[PDB]
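Next up: just one chain, as C-alpha cells, the form deposited without its partner chain.
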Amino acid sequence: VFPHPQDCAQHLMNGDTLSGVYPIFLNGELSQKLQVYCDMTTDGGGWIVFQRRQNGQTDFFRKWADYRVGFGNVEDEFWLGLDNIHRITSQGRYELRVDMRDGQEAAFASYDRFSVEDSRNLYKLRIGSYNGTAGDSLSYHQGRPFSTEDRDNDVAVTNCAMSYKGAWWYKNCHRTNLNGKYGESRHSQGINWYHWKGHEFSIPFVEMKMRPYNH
C-alpha cells in the first residue's frame, strides 16, 4: 500500500505486525531513510518509539548537540533526536503516548496532538488534549522550549536541566522528567511522572511514542 512508509502505522498498514526495528522514509522519500523502533502491539500498534528508559546503562545527561542528533540504540535505551522528531511530527498530525511501568504496575498518558518546532525555535513542545491512566503531567510543559545542561532556555533562575539531572522542555521546572537520572529517588532528579508516582520515585521503564492522529 505504501511503497516507502513514512511511519510505523504505514508499515502496519502494509501487513507488518511484529514490533522491532524498521526503516521509515520521511515524507515517503527513499533518500530520507531513518531507522526507528516500531511498537506494533500497544493500543493497536503503529507507533514510532522515540525515547526509551529501561535499565540505566545509557547516560542521558548529555548536551544540546547530542539531543539534537540522537543517541543510543533504538532496541535498548535511546533518544531519537530532536531534529528527527521535528521532521516526523511535521509530516502530519501525530498523537503522543507515554507508556510507563513499575514492576507489574503500568500506566499511560496520551495526547491527541504532538509536535516539536525546529532548531531555530528551540524545539518548542506542542501537545493536544489528554486521556489516560497516568495523569496529565505533560500539559505543564505546553509551549516550552527544550533545554539541556549546556543550553538553559527555561524560566527558572536556576538551570533546571543541571539541577534535575536531565534534558527537557523545562519551565520552573517540571512535572515530568523522563530524560532524568535513572534510579534517582532524590526529589525531582529522577525519571518522574508526577501524577503517577510523584517526584521521589524514578520510574524504571518508560517509552515515548507517536502515531498519526486517529489511526
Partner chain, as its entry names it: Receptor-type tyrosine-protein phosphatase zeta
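Positions refer to the first chain, counted from 1.
Keep in mind that the form deposited with its partner chain bound is not shown, yet the notes after this line are about it.
Although the partner is absent from the chain shown here, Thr158, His174 and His187 each have a heavy atom within 4.5 Å of its partner chain in the entry with it bound. Interface residue remark: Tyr164 is counted as part of the site for its partner chain in the entry with it bound, having a heavy atom within 4.5 Å. In the entry with it bound, no heavy atom of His195 sits within 4.5 Å of its partner chain. The stretch that touches its partner chain in the entry with it bound, counting heavy atoms within 4.5 Å, is 164-172, out of 164-172, 41-49, 55-63, 23-31.
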